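> Fold the following.
(chains A and B)
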Amino acid sequence: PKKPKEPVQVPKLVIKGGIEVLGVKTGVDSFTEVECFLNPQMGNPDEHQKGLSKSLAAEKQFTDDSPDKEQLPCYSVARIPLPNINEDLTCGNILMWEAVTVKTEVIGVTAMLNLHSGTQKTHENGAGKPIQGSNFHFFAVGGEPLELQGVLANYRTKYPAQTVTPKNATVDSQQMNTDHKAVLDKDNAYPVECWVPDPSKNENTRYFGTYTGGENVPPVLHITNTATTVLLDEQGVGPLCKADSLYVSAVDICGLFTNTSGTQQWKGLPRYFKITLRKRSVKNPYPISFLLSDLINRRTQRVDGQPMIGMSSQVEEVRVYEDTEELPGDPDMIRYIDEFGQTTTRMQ
Amino acid sequence: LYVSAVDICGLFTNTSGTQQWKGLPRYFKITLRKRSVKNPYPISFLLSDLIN
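Residues are numbered from 1 along each chain as shown, chains lettered A, B, ... in the order given. This is the structure:
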């Protein structure tokens, strides 16, 4: 009549569970899907105002601009540990976790539909004025910590106690100040208004973000479980997780909640991630020698005595020989090497 | 090789009536041999560590 087709062959799930599961001793061709997430850090003023920044400050003289950490929203970051895969790895075949794909989404957008709770009125018998205004959403997934680069307006700003800000603000910090290279290594620390992923350098993490600035720009966000993002680089290699760790970072200032009082304060939302990891074969680019050098100089004899290097080297001369040659006439001759060939010249 | 022990043999009751624990030392004679095993931590691990 009609034959019930043989089913399609799809990937065999070996095990589902929490992060620990990651530790199953799987083969070279397995992979996993890690579903984490991050809460946002807008400042979180009281213990009831989670997802909010402290009521925002308006006009302040450039000089006297000392904001509070509770008003400064910061990048949210986290590190997911991955089980070392070389555990029973064969010869010098070394494997690393590669991030291939990510699916992310902002969690809870529908919540901005409570136009009734601390809301300033739209007008007369209107509802509440919904959250709107400048917004910034960004995230990144990488095999190392997110590398920053700080830049600000008003370098003369007095940055609160518990925050990491650019070191030694100059005027050029209002524009490209190279001394402001850093790294997102602490959650709720680096305030968004001071940093941005340093393009010159994040070579092992991908990031994306968009600033949409305006006094009342309406936020627009979609929520869908059908979209995927590829992290593969130009060679088809996504972030390699050097230290068996996965770095996820994100930021989502949806905009400004405007209080009945008329005070404004930033609103943020947690963000979801779904990273798909695989087992990537790579080569150790370095030499054993250089590796052992660690243990050795990190643990043997260290000595402080007269300089044999630097501009004060008490080494006056070094000559090197290999093979032989017919007895040369100028014994003070000089053999050297430029950036490639051997030069032979008299001193004078 | 690690060795640990405990030997409260009981309570010494002083003339006073006060009591206090008594212990004795313990002896061990451990017999060790050379056992072949799978290298648990290879060179691969070295790099992974350095990088970490």
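> Tell me which residues touch the closest residue in space to residue A:218 that isn't next to it in sequence, please.
Of all residues not flanking residue A:218 in the chain, residue A:132 sits nearest, at 5.3 Å (CB to CB, 6 or more residues apart in numbering or on different chains). Placement of C-beta: from N, CA and C, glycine included. Applying CB atoms under 8 Å, 6 or more residues apart in numbering or on different chains to residue A:132 gives the contacts A:216, A:217, A:218, A:219, A:255, A:256.
> Pretty sure the last one sits in a helix.
No. Secondary structure of residue A:256, determined by DSSP: H, G, I helix; E, B strand; the rest coil: strand, with no helix assignment.
> That one touches residue A:268, doesn't it?
No. With contact defined as CB atoms under 8 Å, residue A:256 and residue A:268 do not form a contacting pair (10.9 Å).
> So for these two, which sits in the more crowded spot?
Shown here are residue A:256 and residue A:268; by other CB atoms under 10 Å in any protein chain shown, residue A:268 has more neighbours (27 against 22).
> which element follows whichever strand or helix holds residue A:273 toward the C-terminus?
Element membership for residue A:273 (DSSP states H and E) is strand A:271-282. Using DSSP H and E, the helix or strand that follows strand A:271-282 in sequence is helix A:288-299.
> Distance from stretch A:333-342 to the middle of the chain?
Averaging C-alpha positions (CA atoms, centre = their mean, to the nearest Å) puts stretch A:333-342 44 Å from its chain's average.
> ditto for stretch A:70-77
15 Å.
> residues contacting the residue most central in space within chain A?
Centre of chain A computed as the mean C-alpha position; nearest residue by CA atoms, centre = their mean is residue A:146, 1.4 Å away. By CB under 8 Å, 6+ apart, the residues touching residue A:146 are A:75, A:77, A:140, A:183, A:184, A:197, A:202, A:205, A:207, A:247, A:249.
> ok, 6 Å please
A:140, A:184, A:205, A:249 (CB atoms under 6 Å, 6 or more residues apart in numbering or on different chains).
> Show me the two of those residues that sit farthest apart.
Across the contacts of residue A:146, no pair lies farther apart than A:184 and A:205, at 10.0 Å, counting by CB to CB.
> By proximity to chain B, which residue of the stretch 101-250 of chain A wins?
residue A:243 (3.8 Å; CB to the nearest CB).
> And stretch A:114-122, what's buried?
residue A:119 (16 or more other CB atoms under 10 Å in any protein chain shown).
> Give me the residues contacting the strand holding residue A:273.
A:28, A:31-38, A:95-107, A:248, A:250, A:252.
> List only those of the residues you listed flagged as buried.
Buried among the contacts of strand A:271-282 by 16+ other CB under 10 Å: A:32, A:34, A:38, A:95-107, A:248, A:250, A:252.
> what's the burial count for residue A:233?
13.
> Leaving out sequence neighbours, find the closest residue to residue A:179.
Distance criterion CB to CB, 6+ apart; nearest residue to residue A:179, sequence neighbours excluded, is residue A:168 at 6.1 Å.
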